[PDB]
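One chain is shown next in structure tokens, namely the form deposited in one PDB entry.
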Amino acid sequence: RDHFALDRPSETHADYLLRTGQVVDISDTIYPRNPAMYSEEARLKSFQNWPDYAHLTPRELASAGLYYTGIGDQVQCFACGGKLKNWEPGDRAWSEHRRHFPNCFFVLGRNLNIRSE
């Protein structure tokens, strides 16, 4: 019969929460387009032999969700898929990433621990 007096009928898990919660962010997926550099450390490898005049720091790029494709000073976002070339002095690595691709789920909430609050 109705074990537990009901059997957790009202809300059980995501599959059930879908009725209201809904997992679909904005109906456009959101999985990384290059997990190879999902971790900051891994991203480091991306900048294997990072020049000294590129434009910005290699790590910072990783922290910004940018993976180097060996194309000179051209970096791209492995998450949403935002490539940017022809950088200039002053334009923050990801600062231009959002300007040309502001729909990056990483840009907004940053992602990763970095709780603080």
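Position 1 is the first residue in the sequence shown; the rest follow in order.
Only in words, not in the display: the form solved in complex with a partner chain, which the text now covers.
- Shown alone here, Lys83 lies within 4.5 Å of the partner chain in the entry with it bound, counting heavy atoms only.
- Within 4.5 Å of some heavy atom of the partner chain in the entry with it bound lies at least one heavy atom of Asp91.
- When contacts are judged by a 4.5 Å heavy atom cut-off, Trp87 counts as touching the partner chain in the entry with it bound.
- Shown alone here, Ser39 lies farther than 4.5 Å from the partner chain in the entry with it bound, counting heavy atoms only.
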